[PDB]
Amino acid sequence: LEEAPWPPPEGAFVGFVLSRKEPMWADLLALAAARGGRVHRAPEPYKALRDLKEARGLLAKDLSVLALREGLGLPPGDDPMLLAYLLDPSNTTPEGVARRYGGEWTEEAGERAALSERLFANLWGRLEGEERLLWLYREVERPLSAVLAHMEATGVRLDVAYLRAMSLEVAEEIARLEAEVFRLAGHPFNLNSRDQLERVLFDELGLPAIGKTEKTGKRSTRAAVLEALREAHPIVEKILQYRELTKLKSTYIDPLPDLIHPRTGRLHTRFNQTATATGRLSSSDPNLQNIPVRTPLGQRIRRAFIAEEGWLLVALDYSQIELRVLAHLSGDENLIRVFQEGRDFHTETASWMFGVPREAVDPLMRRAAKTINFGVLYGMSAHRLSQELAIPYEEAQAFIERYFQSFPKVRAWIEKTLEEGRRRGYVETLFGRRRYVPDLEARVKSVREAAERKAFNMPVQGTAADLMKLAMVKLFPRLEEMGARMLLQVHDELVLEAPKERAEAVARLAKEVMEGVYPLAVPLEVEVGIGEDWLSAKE
DNA sequence: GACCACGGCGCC
DNA sequence: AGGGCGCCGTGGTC
Ligand SMILES: Nc1ccn([C@H]2CC[C@@H](COP(=O)(O)OP(=O)(O)OP(=O)(O)O)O2)c(=O)n1
Ligand SMILES: [Mg+2]
Ligand SMILES: [Mg+2]
Ligand SMILES: [Mg+2]
Ligand SMILES: [Mg+2]
Ligand SMILES: [Mg+2]
């Protein structure tokens, strides 16, 4: 390319180099642009950022985030990564995408700009005639990138003092548990080491080993194994409690307070748009899609996610979302009839599990029923079902049998989906998002069957993901107009922040947008709460 | 200081 | 031998 002075003309493709992967934390080391057979390198990258009207190119959203951090409105546009990800969601990295579609991902901005341009040309060619994938690009993924950039740059407020205090408290309880474990083992060892614990439990204390690990075939110490040994030796209960607390402390209580950004005073995640096989988003650095919620100890951590002063959080969660999608995709008249009748499958299963009326089911019980319902749907074994329900193996089988006999069109939809996957090499969502699943004709049964479970899950999880994305795209402009913010997405949930004076209206509107995004054969239902913190906003 | 593989486990 | 993720500490290694 011809070297030309900065700035580039409008419409140019950008290349950029960051000091680290997180745009909210990165130094912008270099910036360049390419168009029309020319490359333009910025003498000073931060100054030069002001000259761009759009971020067009590889990882455009990341540059947009850094621009927003600096007070600039630089929306992301075309990004070859999104085209590639739609063609095949195994396309998750710029290294891999460049090699597959025509170049090399280097560490120089001018080269990255030129690469972006040529990758765009080639990948745009590949999507010609792929009308459904093009619709996803234009109506979902490209506009969504701008939404994600605003979410990332906005961040969420954290009660740091509350978590710092919690660390001190949890440490004392951890020490009580470890001391007891070491007393019972008769010696000290590294309780965080699963290899050392294995030896202590199964060789020294002579407890029965129940299961093996996946890759290395050691005797497992996982919670399901420990649960089955709780009455076999008092050490087991202590270990379970120790793991609960150390998990909370090491993963959430200690790390999160140290990640407050010095300028925003908030915590900033990354919402990765080309990271999953199904079309879901993921969140990283830190992951805010797995903040604890199940146990009362984990719940305390959610209290730390708070609204700005004078604002409230608004939490919206699609009800029974994948079950509704399955009713639409399969066309099962009976499953559709459940949602037309306003019933709740999770509550119904919980009533059975715990042996109480529907009205006696509490939130803890209902949540427990979710793993069972989704587990069974996507191929859980009778053995495992019998294990985490503490019931005979026989009535676990029968429960699985009763499940599929109630909704006949589901088995048929599974069989069609799998034959299509074998024939075409991919399965697809309602909107035509694809996942290639090559091991569907593997001759090793366990491998083949695992591939089948991946394959028929994807249209369901992926259609739910497509719906949530479309809802975000539609909702975002409306929030902006009301002076509200979108903070987090957690797969089938959104967390917004609204001024107190507007929070009730924002909740009503966001519910409506989410319910009406793309009607199915069954209504979509959304539960919405408002509160000072994330725990209170979901109650 | 890092990379990776693993087991383990937090959420959806 | 439920599906999708990312992060922990350990262990091995460079
Ligand atoms: N153990 C789980 C939990 C969740 N999911 C997937 C399927 C539903 C989706 C969203 O999770 P939830 O909101 O917790 O499930 P829900 O059915 O929408 O329940 P709720 O009515 O409480 O929102 O995630 C899953 O595959 N396995
Ligand atoms: Mg407040
Ligand atoms: Mg839900
Ligand atoms: Mg949810
Ligand atoms: Mg390091
Ligand atoms: Mg490596």
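Taken together, the values in this text are just the output of simple stated rules run on the coordinates, not laboratory data. Cβ atoms come from the backbone with ideal geometry, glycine included; neighbour counts cover every protein chain shown.
Before moving on, here are some points about what is shown:
- Net charge over other residues, Cβ less than 10 angstrom from the Cβ of A:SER90 (K, R count +1; D, E count -1): +1
- Along each principal axis, Cα extent of the range A:467-539, largest first, Å: 35, 27, 18
- For the range A:384-509, a Kirkwood radius taken over Cα pairs fed into Stokes-Einstein (10 °C, viscosity 1.306 mPa s) yields D = 88 µm²/s.
- Spatial separation of Cα centroids for the range A:24-99 and the range A:504-539, in angstrom: 33
- Helical content alone sets the calculated 222 nm signal of chain A at -15000 deg cm²/dmol, taking -39,500 (n - 2.57) per DSSP H segment of four or more residues and averaging over every residue.
- Antiparallel DSSP beta bridges within chain A, percent to nearest 5: 90
- Our coupling estimate for the range A:345-350, obtained by passing each phi through the Karplus curve with A = 6.51, B = -1.76, C = 1.60 and θ = phi - 60°, is 5, 5, 5, 5, 5, 4 Hz, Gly and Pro reported as x.
- Where the Cα pairs of chain A fall when distances are cut into 10 Å bins, in %: 3, 15, 23, 26, 21, 9, 2, 0
- Cut-off 10 Å between beta-carbons: net charge of the residues surrounding A:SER284, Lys and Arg +1, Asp and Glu -1: 0
- When only Cα pairs below 8 angstrom with a gap of at least 6 residues are kept, chain A shows a relative contact order of 15 percent.
- Relative contact order of the range A:26-119, pairs being alpha-carbon contacts under 8 Å that are 6 or more residues apart, as %: 30
- Taking the Kirkwood radius as Rh and the Cα radius of gyration as Rg, the range A:290-358 has a ratio of Rg/Rh equal to 1.12.
- Put the Cα centre of the range A:382-433 next to the Cα centre of the range A:141-168 and the gap is 37 Å.
- Going from the fewest other Cβ atoms within 10 Å to the most, the residues A:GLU204, A:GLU178, A:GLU139 appear in the order A:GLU204, A:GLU139, A:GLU178.
- In this structure, the amide hydrogen of A:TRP311, modeled 1.01 Å from its nitrogen in the peptide plane, lies closer than 5 angstrom to those of A:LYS500, counting only residues at least 5 positions away or on a different chain.
- For chain A, size of Cβ-based charge dipole, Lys and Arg +1, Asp and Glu -1, in debye: 760
- Rounded to the nearest whole Hz, the Karplus-based 3J(HN,Hα) values (6.51 cos²θ - 1.76 cosθ + 1.60, θ = phi - 60°) of the range A:517-527 follow the sequence 3, 6, x, 10, 5, 10, x, 8, 10, 10, 9, with x at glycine and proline.
- Divided by 2.2 N^0.38 Å, where N counts the residues, the Cα radius of gyration of the range A:190-291 comes to 1.45.
- Fraction in percent of alpha-carbon pairs per bin - 5 Å, the range A:258-399: 2, 7, 11, 15, 17, 16, 13, 9, 6, 3, 1, 0
- Candidate cross-link partners of A:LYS469 among the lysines, defined by an alpha-carbon separation under 28 Å and a same-chain spacing of 8 or more, comprise A:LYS21, A:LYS53, A:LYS61, A:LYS370, A:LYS409, A:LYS416, A:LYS454, A:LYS500, A:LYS511, A:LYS538.
- For the range A:96-173: relative contact order, % (alpha-carbon pairs under 8 angstrom, 6 or more apart): 16
- Whether the range A:149-225 is rounded, prolate or oblate, judged on the alpha carbon gyration tensor where a/c under 1.5 counts as rounded: oblate
- Cα-based convex hull, the range A:1-153, per residue volume (Å³, whole number): 101
- Annotation for the range A:108-128 versus the range A:329-351: alpha-carbon center distance of 47 Å.
- Rounded to the nearest Hz, the phi-derived 3J(HN,Hα) couplings of the range A:485-494 under the Karplus curve 6.51 cos²θ - 1.76 cosθ + 1.60 (θ = phi - 60°) are 10, 9, 9, 9, 10, 10, 6, 10, 9, 10, where x marks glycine and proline.
- Amide hydrogen proximity for A:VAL526: with H placed 1.01 Å from N in the peptide plane, the residues at 5 or more positions away or on another chain lying under 5 Å are A:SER319.
- With q set to 0.15, 0.18, 0.19, 0.20 Å⁻¹, the log10 of I(q)/I(0) for the range A:321-464, from the Debye formula over equal scatterers at the Cα positions, is -0.83, -1.13, -1.22, -1.30.
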